Amino acid sequence: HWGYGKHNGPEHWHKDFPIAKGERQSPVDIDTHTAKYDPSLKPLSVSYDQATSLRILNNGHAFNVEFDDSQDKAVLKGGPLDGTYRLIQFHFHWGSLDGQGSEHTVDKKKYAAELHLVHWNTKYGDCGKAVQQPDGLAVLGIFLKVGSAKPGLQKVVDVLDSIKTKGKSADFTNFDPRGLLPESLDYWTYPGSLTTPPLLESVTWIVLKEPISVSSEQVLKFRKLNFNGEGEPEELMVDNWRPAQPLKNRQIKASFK
Ligand SMILES: Nc1ccc(/N=N/c2ccc(S(N)(=O)=O)cc2)cc1
Ligand SMILES: [Zn+2]
């Protein structure tokens with residue numbers, strides 16, 4: 001099945017998922033000089049005060065921290081969005097080396113990793129329904145660079161030993177995703193897709209300009225995870241990122257001058 005290796009990686013995905021070559025695929029390179037400030041964008045509202053984390057899961061492609069999305073508890077509103085989008089999960093993409101790992105790039109610069117906070121439009125009732133709609137999801141993307149440690153990431157880092165292999169999960173209650181945000185909410189936005197199969201073209205991307213800093217030690221622990229299940233040959237979970245896709249007939253908008 002699909003993955004990130006030579007024989008099942010991004011260049012193969014189109015055979016099972018023809019939308020891989022579609023008109024609004026993600027990620028993309030963000031050309032900062034071509035992106036235009038958009039005055040029609042309303043203020044972005046990240047409201048994570050009542051966020052209720054449940055569990056952390058190694059799904060064989062990344063790890064997901066999952067949230068209770070049965071009520072308006074952690075929501076994203078404003079910016080390019082109409083209505084209310086509920087946080088369902090977050091995960092990361094990262095590299096084998098500090099010089100790669102992000103999915104989006106900025107003037108072709110690759111960051112060490114990229115955090116995706118995944119939200120679904122409450123007008124569609126559940127995430128499975130939302131992901132089939134052109135305005136179904138909003139993914140808040142945050143770049144990670146290697147430097148000082150991110151204190152708010154350490155609780156994630158320290159549980160990874162318990163979910164080393166595909167299919168393993170662990171309790172992960174009382175985690176506050178506000179500790180993963182940078183100071184500024186300045187962002188770029190464009191219409192795109194899921195960056196993994198099924199690659200559905202249902203995502204409003206909101207990519208923050210300011211990266212967060214994480215330590216080398218923190219990212220090294222991401223790289224100790226396994227793509228494989230328990231008792232199978234070890235394949236380190238690294239380079240689980242899709243490269244930039246053609247922008248085609250899309251304009252990237254900036255929230256800032
Ligand atoms: N039924 C179904 C199956 C797989 C799904 N995948 N959801 C996605 C969640 C977010 C991402 S991403 N990497 O944030 O674009 C990519 C996949 C979503 C729904
Ligand atoms: Zn992602």
Side-chain angles (χ1 to χ4, degrees), residues 1-4 8-10 13-14 16-20 22-30 46 54-67 69 74 76 80-81 85-95 100-105 110-122 124-144 153 156 166-167 177 180-181 187-208 211-212 219 222 225 227 237-245 250 252:
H1 229 263
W2 75 268
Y4 294 97
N8 67 356
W13 295 349
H14 74 100
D16 285 315
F17 306 94
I19 203 174
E23 295 300 301
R24 58 174 276 192
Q25 288 290 290
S26 295
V28 299
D29 181 56
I30 299 165
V46 183
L54 268 42
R55 196 181 71 148
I56 190 171
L57 170 72
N58 179 335
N59 64 20
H61 316 282
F63 64 86
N64 290 355
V65 173
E66 298 164 354
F67 289 78
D69 65 342
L76 185 65
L81 306 175
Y85 287 69
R86 280 191 201 163
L87 179 64
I88 180 165
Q89 55 107 329
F90 72 77
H91 60 274
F92 304 81
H93 307 262
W94 64 91
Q100 65 200 53
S102 68
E103 297 209 300
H104 295 88
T105 57
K110 297 171 168 84
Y111 286 88
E114 186 173 330
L115 164 60
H116 289 162
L117 294 130
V118 180
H119 312 74
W120 57 273
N121 193 329
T122 59
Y124 300 121
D126 66 52
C127 195
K129 181 149 140 254
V131 77
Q132 309 179 54
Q133 311 302 329
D135 63 343
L137 297 199
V139 184
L140 181 58
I142 302 177
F143 296 117
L144 281 61
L153 183 61
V156 171
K166 180 176 181 183
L180 299 176
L181 306 176
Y187 65 86
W188 297 284
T189 185
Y190 74 98
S193 75
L194 304 180
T195 69
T196 64
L199 300 167
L200 295 168
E201 289 181 335
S202 53
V203 182
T204 299
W205 277 96
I206 299 169
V207 176
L208 301 189
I212 61 170
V219 72
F222 284 19
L225 291 163
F227 285 129
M237 186 181 278
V238 294
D239 293 316
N240 60 345
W241 49 278
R242 191 190 197 191
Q245 300 300 303
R250 293 180 287 178
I252 300 179

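Just so you know, these numbers use all the heavy atoms, side chains as well, and skip hydrogens, waters and symmetry mates. Ligands are counted one by one from 1 in listed order, and the atoms in each one are counted from 1 as well. Numbering of residues begins at 1 and proceeds along the displayed sequence.
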Which residue owns the protein heavy atom closest to [atom], what's the atom, and how far is it?
atom: atom 8 (C) of ligand 1; value: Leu194 CD2, 3.7 Å
atom: atom 19 (C) of ligand 1; value: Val131 CG1, 4.0 Å
atom: atom 4 (C) of ligand 1; value: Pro198 CD, 3.6 Å

**Prompt:** Between the side chains of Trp120 and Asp69, is a donor N or O closer than 3.5 angstrom to an acceptor N or O?
**Reply:**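 Per modelled atom types, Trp120 and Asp69 side chains form a pair under 3.5 Å.
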**Message:** Could you walk me through whether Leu81 and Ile206 satisfy the side chain to side chain contact (heavy atoms under 4.5 Å, CB included) test, starting with their C-alpha distance in whole Å, then the side-chain angles of each, then the deciding distance to 0.1 Å, before giving a yes or no?
**Reply:** CA-CA 10 Å; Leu81 306 175; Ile206 299 169; 4.0 Å; yes
Taking only heavy atoms of [X], which atoms of ligand 1 are found under 4.0 Å from at least one of them?
X: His93; answer: 13 (N)
X: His116; answer: 12 (S), 13 (N), 14 (O)
X: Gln89; answer: 9 (C)
X: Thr196; answer: 16 (C), 17 (C)

**Prompt:** Is atom 17 (C) of ligand 1 less than 4.0 angstrom from some protein heavy atom?
**Reply:**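 Yes, because at least one protein heavy atom sits under 4.0 Å from atom 17 (C) of ligand 1.
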**Prompt:** Under 4.0 Å from atom 1 (N) of ligand 1, do we find at least one protein heavy atom?
**Reply:**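 When distances to the protein are checked, atom 1 (N) of ligand 1 has no heavy atom within 4.0 Å.
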**CA sep, side-chain torsions, deciding dist, call: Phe63, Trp94, ring-ring contact (aromatic ring centres under 6.0 Å, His included)** = CA-CA 11 Å; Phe63 64 86; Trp94 64 91; 5.8 Å; yes
**Prompt:** Is there a nitrogen or oxygen of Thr195 sitting under 3.5 Å from a nitrogen or oxygen of ligand 1?
**Reply:**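 N/O-N/O distance below 3.5 Å exists for this pair.
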**Request:** Could you check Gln89 against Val118 for side chain to side chain contact (heavy atoms under 4.5 Å, CB included), going step by step and ending with a plain yes or no?
**Result:** CA-CA 5 Å; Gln89 55 107 329; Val118 180; 3.8 Å; yes
**Prompt:** Around the Zn ion (ligand 2), what protein N, O or S atoms are found below 2.8 Å?
**Reply:**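 Atoms qualifying: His91 NE2, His93 NE2, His116 ND1.
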**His104/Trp188 under ring-ring contact (aromatic ring centres under 6.0 Å, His included): CA gap, chis, key distance, verdict** = CA-CA 11 Å; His104 295 88; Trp188 297 284; 9.6 Å; no
Does the side chain of [X] reach to within under 4.5 Å of the side chain of [Y], using non-hydrogen atoms?
X: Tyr190; Y: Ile30; result: no
X: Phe90; Y: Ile142; result: no
X: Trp2; Y: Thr196; result: yes

**Message:** Could you check, using the six-membered ring where one of them is a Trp, whether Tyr4 and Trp13 have ring centers closer than 6.0 angstrom?
**Reply:**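 Yes: the rings meet the under 6.0 Å criterion.
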**Request:** Specify side chain, backbone, both or neither for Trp205, according to which of its non-hydrogen atoms lie closer than 4.0 Å to ligand 1.
**Result:**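 Just the side chain.
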**Message:** Angle between ring planes, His116 versus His91, binned at 30° and 60°: parallel, tilted or perpendicular?
**Reply:**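 The arrangement is perpendicular - the two ring planes meet at more than 60°.
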**Request:** Apply the test salt bridge (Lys or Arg N to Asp or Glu O under 4.0 Å) to residues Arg55 and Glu66: give CA-CA distance (whole Å), side-chain angles for both, the deciding distance (0.1 Å), then the verdict.
**Result:** CA-CA 5 Å; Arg55 196 181 71 148; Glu66 298 164 354; 2.8 Å; yes
